[PDB]
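Report on one structure; see the data block that follows.
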Amino acid sequence: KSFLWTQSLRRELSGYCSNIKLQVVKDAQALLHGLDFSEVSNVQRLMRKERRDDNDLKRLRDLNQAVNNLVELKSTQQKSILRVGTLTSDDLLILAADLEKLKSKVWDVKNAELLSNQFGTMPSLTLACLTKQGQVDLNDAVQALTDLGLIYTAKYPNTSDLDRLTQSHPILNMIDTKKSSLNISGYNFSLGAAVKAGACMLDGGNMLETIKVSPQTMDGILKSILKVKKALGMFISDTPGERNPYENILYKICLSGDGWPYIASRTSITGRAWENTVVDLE
RNA sequence: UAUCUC
Ligand code: NI
Ligand code: NI
């Protein structure tokens, strides 16, 4: 059902998707030229520790700022106050309740808010890190991830899909699914981040990953999502562990009214989706 | 932690 949700969202939001491959590639090249990869190595290791502290977090945050300064695909602080118009009163109540649900759902740090928006995955960073650490040409990484994107037009790629691909694209050996883990940052490799990057490598395909939001399109994008929510009966799961495609898109869109919700640098953003998008039920 | 694996 999950892939069906993703598929139905792609169909419905096709008009907000676009080709961003060369823009991602340009950002990846900017990182390859400008990034301190010894510190990338340092942050990767630090993020993999069983127990992390404010020292580790500062290292992540500083590196993030450096990455953010180099790339052009960035999301910016943009609060949205949703009001009736494109969205009906009923729609606003649905969105309000779902954001409230999202809100309702080891680190040793003084301020947990400094974790917010620092742990995301960005295709350009993924490409840069694979290319540099995998010791191949950027194009080698691009071609490999393109195949992964193609698989993603048909299904969620899994470890087996990945294993098969590696037979023709050895760079993908950098992605050790055994070593991948939750919340270890976009500097470390994972199948999920590789799939997100592959999704940007395609010509067409209506990949959600390529969506751009602006204040002028925010309401229409939300209205389209709500159409699909109704059609397929999508919902925010009450279990604080699962994250389905609807929760995923709603959170990512509502984090900012200006940017690329899935793939931009979002490390300059403060706040969570339920703080950055609010509803005036009036 | 908008992230892991399916
Ligand atoms: Ni050069
Ligand atoms: Ni290939």
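Just so it is clear, the values below take in all heavy atoms, side chains as well, and ignore hydrogens, waters and symmetry mates. Throughout, protein chains are lettered first and strands after them, A, B, ... in sequence-line order, and every chain is numbered starting at 1.
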So, is A:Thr177 close to the B:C4 phosphate, meaning a side-chain N or O under 4.0 Å from OP1 or OP2? no
Ignoring backbone atoms, test whether A:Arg266 places a side-chain nitrogen or oxygen under 4.0 Å from the OP1 or OP2 oxygen of B:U3. yes
I'd like to know whether A:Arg83 forms a salt bridge (charged side-chain N to carboxylate O under 4.0 Å, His left out) with A:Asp219, so could you lay out the CA-CA distance, the side-chain angles of the two residues, the decisive distance to 0.1 Å, and finally the verdict. CA-CA 9 Å; A:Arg83 301 157 256 172; A:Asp219 288 13; over 6 Å; no
Before we go on, tell me: are the rings of A:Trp260 and A:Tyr16 under 6.0 Å apart, centre to centre? no
Measuring from the side chain of A:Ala193 (C-beta onward, heavy atoms only), which nucleotide among B:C4, B:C6, B:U1 has the closest atom? B:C4
Could you give the CD-to-P distance, from A:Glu247 to B:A2, as a whole number of Å? 15 Å
Have a look at A:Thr121 and say if it touches a base, only the backbone sugar-phosphate, or nothing, with a 4.0 Å heavy-atom cut-off. sugar-phosphate
Contact between A:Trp274 and A:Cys254 at the side-chain level, heavy atoms closer than 4.5 Å - yes or no? no
In whole angstrom, what separates A:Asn64's CG from B:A2's P? 10 Å
State which of B:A2, B:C4, B:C6 makes the closest approach to the side chain of A:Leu182. B:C4
Rounded to whole Å, please give me the gap between CD in A:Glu275 and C1' in B:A2. 14 Å
Taking only side-chain nitrogens and oxygens of A:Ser180, does any of them come within less than 4.0 Å of OP1 or OP2 of B:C4? no
Interatomic distance, A:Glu209 CD vs B:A2 P [rounded to whole Å]: 17 Å
Is there a side-chain contact between A:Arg272 and the phosphate of B:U1, meaning an N or O under 4.0 Å from OP1 or OP2? yes
Rounded to the Å, how far apart are A:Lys105 NZ and B:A2 P? 14 Å
Compare side-chain N and O positions of A:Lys252 against OP1 and OP2 of B:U3 and report whether any pair is under 4.0 Å apart. yes
Rounded to whole Å, NZ of A:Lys58 lies from P of B:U1 at a distance of 22 Å
A:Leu150, A:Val142: one ILVMFWY side-chain cluster at the under-4.5 Å cut-off? no
Nucleotide nearest A:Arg243 (side chain, heavy atoms from C-beta), chosen from B:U1, B:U5, B:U3: B:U3
Picking from A:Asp27, A:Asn69, A:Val71, what satisfies side-chain contact (heavy atoms from CB on, under 4.5 Å) with A:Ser265? A:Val71
Kindly say if A:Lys196 contacts the phosphate of B:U3, meaning a side-chain N or O under 4.0 Å from OP1 or OP2. yes
For A:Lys155 and B:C6, what is the distance between atoms NZ and P respectively, to the nearest whole Å? 9 Å
Please report, rounded to the nearest Å, how far the P atom of B:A2 is from the CG atom of A:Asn117. 5 Å
